[PDB]
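I have placed the structure first, in the form of structure tokens, so that the comments after it can refer back to it.
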There are 2 protein chains.
Amino acid sequence: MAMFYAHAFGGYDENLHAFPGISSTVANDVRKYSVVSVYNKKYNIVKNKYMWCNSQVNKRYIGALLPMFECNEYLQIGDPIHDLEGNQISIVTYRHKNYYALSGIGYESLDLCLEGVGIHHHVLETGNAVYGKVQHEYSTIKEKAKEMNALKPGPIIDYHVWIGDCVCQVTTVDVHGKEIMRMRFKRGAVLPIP
Amino acid sequence: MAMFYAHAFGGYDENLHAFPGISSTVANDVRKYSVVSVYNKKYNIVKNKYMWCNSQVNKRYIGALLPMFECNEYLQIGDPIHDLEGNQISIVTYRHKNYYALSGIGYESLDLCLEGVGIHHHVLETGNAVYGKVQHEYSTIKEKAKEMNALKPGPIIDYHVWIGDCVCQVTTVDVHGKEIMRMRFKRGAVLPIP
């Protein structure tokens, strides 16, 4: 049937479909599921809140907002995840306390050649603003942006992913921390906790 | 009360809130509206399909997925848009045949400094694939991605915005046309028609 290999265990295969944490012989759209099963135990998919997950294999970044299900049991990487019809649709990859990512074709995504740049992930505090590589209170960020607005932009060297409860954002910065590009995804999410 | 200035008429003010085509003294979240009015006529907001609009002022790119209402009348840039309670919420900015953008805080947004780079917008044909700066059939694109895979990535010089009716994507390319980075949004949209 369908194969699912875990990047954490060396399973990355550039000729297979790639999603955060998985290389697979199939490309399942996991947005539709509301209930999944792990070892014949059912779990509900969380509504309107997701998990930003990424694997970094070779020099390639594979990041996306994924659905997540709530499970009080401890699950381990590679545990098969099934639909209610007995088909394996994914494998356990990432966790945030009792939330477990369902990896596959999900919501907003970021694919990037990591050659010559870095990438960093942050939990965005509710009410905080972002400029470049930092978050802070709105008025403080307004000043930091003003101190930086004069500079000439150098080349992108770093990506910064900001994961908040209402919005997610991606910024790029030069050597000084000046913001080159900002992108916002209008979805709320959490980051995995290793 | 709230002021709205059209970028097309020289109205950009960097100290005001910036949205596609608009500088304003207020920052209205326009996602919540299902109906609007212009000159005592009511119009419905289209569900689950949006307009990717942008203004480019100074060297600043201001792009976003905006809600959009269906109106068979010809409306002009700057025409006030109200809610159904008499408050002005926006002004007319961009049009795609009988669709009119509602500019403000919308869905996915891209802010970019255009220093040393270009940005181009494309209608993504349903069923087509993308590599870097081009779209074509999945088979032709998969060949292209394979020819290009050997190249070492260089710094980004151009951004490409792909607006499809189920998905929107932003890609970036270096001087050899190699795709450096891609972001995907799980929303369908159209582009304005000048």
Side-chain angles (χ1 to χ4, degrees), chain A residues 14-15 19 27 29-32 50 58 60-67 105-117 119 130-132 138 142 145-146 148-149 151 153-157 159 161 166-174 178-187, chain B residues 14-15 18-19 27 29-32 50 58 60-67 105-117 119 130-132 142 145-146 148-149 151 153-157 159 161 166-174 178-187:
Chain A
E14 66 189 323
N15 291 298
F19 312 105
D29 194 329
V30 296
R31 298 176 285 169
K32 47 153 169 324
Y50 314 103
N58 229 345
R60 156 179 204 199
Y61 176 93
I62 306 161
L65 280 180
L66 298 176
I105 303 171
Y107 301 92
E108 281 63 44
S109 69
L110 173 69
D111 300 291
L112 164 72
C113 297
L114 292 164
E115 185 101 272
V117 297
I119 187 152
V130 177
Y131 178 88
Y138 186 92
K142 190 206 199 153
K146 183 150 136 203
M148 300 294 251
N149 198 262
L151 297 173
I156 291 155
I157 43 173
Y159 287 68
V161 177
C166 301
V167 61
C168 298
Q169 338 193 16
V170 175
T171 62
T172 53
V173 294
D174 64 16
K178 189 199 207 253
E179 195 180 285
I180 309 294
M181 170 263 267
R182 172 185 308 221
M183 174 104 175
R184 312 177 182 111
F185 312 131
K186 301 313 182 70
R187 304 210 208 252
Chain B
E14 52 170 25
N15 292 116
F19 311 106
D29 193 329
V30 296
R31 302 175 275 168
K32 71 214 217 153
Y50 311 106
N58 260 249
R60 165 176 193 192
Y61 176 93
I62 307 161
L65 278 182
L66 299 175
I105 304 170
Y107 300 92
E108 280 64 44
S109 61
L110 174 68
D111 295 286
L112 165 72
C113 182
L114 292 166
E115 196 47 50
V117 298
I119 187 151
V130 174
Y131 179 88
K142 176 146 144 179
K146 198 198 325 273
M148 297 294 291
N149 204 70
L151 294 176
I156 285 157
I157 57 156
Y159 291 70
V161 179
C166 317
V167 66
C168 298
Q169 309 186 28
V170 175
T171 64
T172 52
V173 294
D174 67 18
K178 195 200 172 72
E179 197 183 288
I180 309 295
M181 182 264 282
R182 169 188 308 227
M183 296 186 300
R184 299 185 199 91
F185 318 130
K186 304 315 181 70
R187 306 208 209 250

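Each chain gets a letter, A, B and so on, in the order its sequence line appears, and its residues count up from 1. Keep in mind that the numbers below use all heavy atoms, side chains included, and drop hydrogens, waters and symmetry copies.
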Atom pair CG/OG1 of A:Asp111 and B:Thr171 - distance to nearest 0.5 Å: 11.5 Å

Inter-residue atom distance A:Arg187.CZ - B:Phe185.CZ, 0.5 Å rounding: 11.0 Å

Heavy-atom contact with chain A under 4.5 Å, split by part of B:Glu179: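 Only the backbone of B:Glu179 comes within 4.5 Å of chain A.
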
Interface moiety of B:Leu65 toward chain A, non-hydrogen atoms closer than 4.5 Å: neither

A:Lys186 to B:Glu108 - nearest heavy-atom pair and separation: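 Minimum heavy-atom contact is N-OE2, 2.9 Å.
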
Minimum-distance pair of heavy atoms, taken over all atoms of A:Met181 and B:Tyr159: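 Taking A:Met181 first and B:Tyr159 second, the nearest heavy atoms are CE-CE2, 3.8 Å.
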
A:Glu115 vs B:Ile180, side-chain contact (heavy atoms from CB on, under 4.5 Å): CA-CA, chis, key distance, verdict: CA-CA 9 Å; A:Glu115 185 101 272; B:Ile180 309 295; over 6 Å; no

Any side-chain heavy-atom pair of B:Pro155 and A:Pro155 under 4.5 Å: no

Toward chain B, the part of A:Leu110 with a non-hydrogen atom under 4.5 Å: both

Greater than 12 external heavy atoms within 6.0 Å of A:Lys146's NZ: no

